[PDB]
2 protein chains.
Amino acid sequence: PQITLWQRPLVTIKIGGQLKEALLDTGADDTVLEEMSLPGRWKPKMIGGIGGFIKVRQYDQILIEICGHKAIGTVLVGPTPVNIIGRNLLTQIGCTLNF
Amino acid sequence: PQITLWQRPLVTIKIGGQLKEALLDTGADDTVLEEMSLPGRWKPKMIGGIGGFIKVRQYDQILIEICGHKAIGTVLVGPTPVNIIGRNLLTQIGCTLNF
Ligand SMILES: O=C(NCc1ccccc1)[C@H](OCc1ccccc1)[C@H](O)[C@@H](O)[C@@H](OCc1ccccc1)C(=O)N[C@H]1c2ccccc2C[C@H]1O
C-alpha cells in the first residue's frame, strides 16, 4: 500500500500472538515495543532519541507480522511511549520512502 | 526519488543558505534542527521523544530546501541529536511510505 503522512503512519502488527498498534518510523534504527514478555534470552541495551536514553531489553530473531507481511529481526522492549517499527524491520517488508 | 532503508535516510537540506544533513523521519510529527540562528520571533514548544521531553524554539514560515524540493513551514530548533525532517514538511514534498 501507499501510506500518506498527513497523520502518523500507524499500523497493526502481530507479535507473540498479540495484536498491537505500531508506528512505521524511518527515523528509528531499530524496533522498540512497550514492556511485554518475549521468549528467549535478552541482552540489556541503551538507546537514545529525543529527550535522552532509555534502557531496553534486546531480543533477537523475533517474528513479527506487519500489515500481513512476515518479518524477522531484533526487537527491543522497554519504556517507549509508543510502539515503533524501525528500519531493521521496515527493510524486510520492502518499505521505501518516495517523493 | 525512491529511498530504501538499509541505511539511515539522510538527505541534504538547504536552510539559511547553508547545506546540512538531515534525517527523513516518518516518526517525527515536526521538523527539528540542531542549534542555529533563524530570522524572526520564536514561540516555545515542548516535544516528547523516546527519552523524554526537550524544549525547542518554534519558527514559522521558514524556507527550507529538501533534496531540491522547496518547502516553507514551521521549523523547531533545539538540542536534538540530529537534524530531523518531520511529517509537517514530508507532506509538503509529497513524501509517502510504500511497500
Ligand atoms: O528517536 C529516534 N531514533 C532513535 C531510536 C534508536 C533505536 C531504536 C528506536 C529509536 C528518532 O528520532 C531521530 C533520531 C535519530 C538518531 C538519533 C537520535 C534521534 C525517532 O523517529 C523519533 O523522531 C520519534 O520516536 C518515535 C515516537 C513517536 C511519538 C512519540 C514518542 C516517540 C520521535 O521522537 N517523535 C517525536 C518528535 C520528533 C521531532 C519533533 C516532534 C516530535 C513529536 C514526536 O512525533
Side-chain angles (χ1 to χ4, degrees), chain A residues 2-9 23-32 46-53 82 84-91 94-99, chain B:
Chain A
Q2 185 174 70
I3 305 174
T4 54
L5 302 173
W6 295 114
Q7 297 84 48
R8 289 184 169 183
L23 182 67
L24 298 185
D25 194 343
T26 59
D29 297 330
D30 284 299
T31 294
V32 60
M46 209 73 83
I47 56 181
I50 294 296
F53 292 71
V82 63
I84 299 168
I85 297 304
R87 292 189 303 98
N88 73 307
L89 292 182
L90 291 176
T91 55
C95 185
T96 61
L97 282 172
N98 301 78
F99 62 102
Chain B
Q2 175 166 293
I3 303 177
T4 52
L5 305 169
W6 303 97
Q7 52 184 43
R8 286 184 171 179
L10 297 174
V11 297
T12 296
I13 59 166
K14 182 177 174 180
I15 180 169
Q18 304 180 303
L19 298 183
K20 297 176 182 298
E21 295 186 60
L23 182 66
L24 299 182
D25 190 353
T26 58
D29 301 320
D30 310 302
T31 294
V32 63
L33 304 178
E34 293 162 31
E35 274 304 321
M36 71 175 290
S37 191
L38 291 178
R41 290 176 60 77
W42 57 275
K43 307 176 75 63
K45 187 174 178 64
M46 292 290 284
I47 58 175
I50 62 170
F53 294 68
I54 62 174
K55 34 189 175 179
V56 295
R57 306 201 306 282
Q58 180 183 313
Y59 296 83
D60 298 308
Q61 245 171 305
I62 297 301
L63 177 54
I64 177 170
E65 177 168 340
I66 308 168
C67 292
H69 296 60
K70 296 184 189 305
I72 301 183
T74 298
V75 177
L76 306 180
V77 181
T80 177
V82 299
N83 293 316
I84 296 168
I85 302 304
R87 292 190 299 98
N88 73 305
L89 299 186
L90 293 178
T91 52
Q92 283 198 32
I93 61 178
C95 186
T96 60
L97 275 178
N98 298 271
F99 63 83

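Note: hydrogens, waters and symmetry copies are ignored here, and every other heavy atom, side chains too, is used. Chain A is the first sequence line, chain B the second, and so forth, proteins listed ahead of strands; every chain is numbered from 1.
- Put simply, the side chain of B:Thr26 gets close to the backbone of A:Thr26: a donor and an acceptor are under 3.5 Å apart.
- Listed here is the closest heavy atom pair of A:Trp6 and B:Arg87: O-NH1, 3.2 Å.
- Atom CD of residue B:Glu34 and atom CD of residue B:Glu21 lie 10.0 Å apart, to the nearest 0.5 angstrom.
- Counting only heavy atoms from C-beta outward, the side chains of B:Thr91 and A:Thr4 never approach each other to under 4.5 Å.
- Summarising the geometry, atom CG belonging to B:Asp30 is positioned 11.0 Å from atom CG belonging to B:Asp25; distances are rounded to the nearest 0.5 Å.
- A pairwise comparison of heavy atoms in A:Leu97 and B:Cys95 identifies CD2-SG, 3.8 Å as the closest pair.
- A 4.5 Å side-chain heavy-atom check between B:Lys14 and B:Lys70 finds every atom pair outside the cut-off.
- A donor-acceptor pair under 3.5 Å is absent between the side-chain atoms of A:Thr96 and the main chain of B:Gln2, judged by distance alone.
- Separation of atoms CG (B:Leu23) and CD1 (B:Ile84) is listed at 6.5 Å; rounding is to 0.5 Å.
- The shortest distance between side-chain heavy atoms of A:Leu24 and B:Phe99 falls below 4.5 Å.
- Listed here is the closest heavy atom pair of B:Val56 and B:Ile47: CG1-CD1, 3.9 Å.
- Within the model, atoms CD of B:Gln18 and CE of B:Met36 stand 5.5 Å from one another, a figure rounded to the nearest 0.5 Å.
- A:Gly86 and A:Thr31 get closest at one heavy-atom pair: N-OG1, 3.0 Å.
- Contact detail for B:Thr74 and B:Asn88: the closest heavy-atom pair is O-ND2, 3.0 Å.
- How far CD1 of A:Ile50 is from OG1 of B:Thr80: 3.0 Å, rounded to the nearest 0.5 Å.
- Heavy atoms of other residues, nucleotides or ligands lying less than 6.0 angstrom from CD of B:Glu35 number more than 12.
- Summarising the geometry, atom CD1 belonging to B:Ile66 is positioned 5.0 Å from atom CG belonging to B:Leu89; distances are rounded to the nearest 0.5 Å.
- Scanning all heavy atoms of the two residues, the minimum distance from B:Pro79 to B:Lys55 falls at CD-O, 3.6 Å.
- Checking each of B:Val75, B:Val32, B:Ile64 against B:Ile85 for a side chain to side chain contact (heavy atoms under 4.5 Å, CB included) leaves exactly one that passes, namely B:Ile64.
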